[PDB]
Every structure is written in structure tokens, then in C-alpha cells.
Amino acid sequence: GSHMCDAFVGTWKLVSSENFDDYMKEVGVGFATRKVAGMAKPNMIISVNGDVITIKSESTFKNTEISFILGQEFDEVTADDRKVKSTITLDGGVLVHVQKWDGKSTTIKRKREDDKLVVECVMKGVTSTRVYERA
Ligand SMILES: O=C(O)c1cc(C2CCCCC2)c(OCC(F)(F)F)nc1C(F)(F)F
């Protein structure tokens with residue numbers, strides 16, 4: 001029945017963001033998309049069905065959905081319209097999401113901390129932290 005990844009399941013709303021604009025610059029997002037994407041207040045809906053995890057983000061800018069099995073690479077179109085190759089694993093209770101494209105890489109870690117879901121993103125040393133709470 002239950003799995004350790006069940007502490008991520010639910011509906012989550014963004015409550016704070018730090019340095020996201022700079023992270024998006026590093027990733028290569030252009031001005032207009034950065035401004036509109038940075039303005040978004042996404043909710044994230046995380047569900048599990050068997051081995052398949054689904055993460056949906058809903059906002060006024062774009063809605064995105066990925067479904068995956070841990071440790072099994074998939075192709076993803078990101079909200080900023082990159083086409084990337086992604087792998088997501090669980091490493092000591094942290095969901096680790098690596099995206100690779102055009103010889104570049106970025107890592108997005110998701111962890112439960114108290115009542116929050118904390119998202120830490122890094123690209124070439126540029127960092128962002130986004131904090132979600134249950135909706
Ligand atoms: O989870 C997040 O809050 C998050 C959210 C977004 C989107 C979701 C839809 C509305 C606009 C922002 C995102 O987009 C990708 C890029 F940032 F590159 F534009 N990246 C991340 C993150 F990097 F942190 F995983």
C-alpha cells in the first residue's frame with residue numbers, strides 16, 4: 001500500500017520564491033517568459049498510482065504535467081519550452097530531478113520540511129528556493 005513518497009502527495013500552493021528570476025536567466029529563459037513565469041503562483045498536484053508518480057503544475061501562465069517511474073529516463077517539455085531528458089529518483093527521502101539538454105544540466109530537489117514542500121533548483125551554481133504549503 002503506502003510508500004515513503006506519500007509525504008509528497010497532495011495539492012500544494014506556492015508561498016515563497018527566492019532568486020527564481022536569476023535561475024531562469026541561467027537556464028536560458030528569455031525576458032518575456034521570465035517575467036510572466038516569475039509572476040505565476042503555481043499549484044502543484046502530486047499523485048501516485050502504483051509505480052507511476054504524476055506531478056502537475058497549474059497556473060495562469062502554463063499548465064504542465066509529468067508522469068514517471070523513479071530511475072527511468074523520460075523526455076519532458078518544460079514550462080519555458082525546453083525539450084529535456086529527465087530522470088527523477090528518490091535519494092534519502094529527497095526527490096532528485098535532473099534535466100539535461102544541449103550539453104547543459106540542471107538539478108531540482110524536492111523535500112518535505114515541516115509542513116512545507118521545499119524546491120531547490122541549481123544551474124551552474126545559480127540557485128533558487130521555492131516553498132510550497134498544502135492548499
Ligand atoms: O517548482 C517550481 O516552482 C517551478 C515552476 C516552474 C513553472 C511552473 C508553471 C508556471 C511558471 C513556472 C518552473 O518552470 C521551469 C523554468 F523555471 F525553467 F522556467 N520551474 C520550477 C522549478 F524549477 F522550480 F522546478
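Methodologically, a virtual Cβ is constructed for each residue, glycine included, from the backbone with ideal geometry; neighbour enumeration extends over all protein chains shown. What follows draws every value from the coordinates through simple rules; no lab data is involved.
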Shape descriptor, the chain: equivalent ellipsoid semi-axes (Cα gyration tensor, sqrt 5λ, whole Å, largest first) stand at 22, 18, 14
For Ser128, the net charge from surrounding residues (Cβ-Cβ under 10 Å; K, R +1; D, E -1) works out to -4
With a Förster distance of 22 angstrom and the Cβ-Cβ distance between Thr54 and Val118, calculated FRET efficiency to the nearest 0.05 equals 0.65
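How many percent of all Cα-Cα pairs in the stretch 1-40 sit more than 16 Å apart? Walk me through the intermediate numbers first.
Numbers: 408 of 780 pairs.
Result for the distance tail: 52 percent.
Net charge within 9 Å of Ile66 by Cβ-Cβ distance, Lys/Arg positive one each and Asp/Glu negative one each, not counting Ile66 itself? It would help to have the intermediate numbers written out before the result.
Numbers: positive: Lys56; negative: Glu65, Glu76.
Result for the neighbourhood of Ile66: -1.
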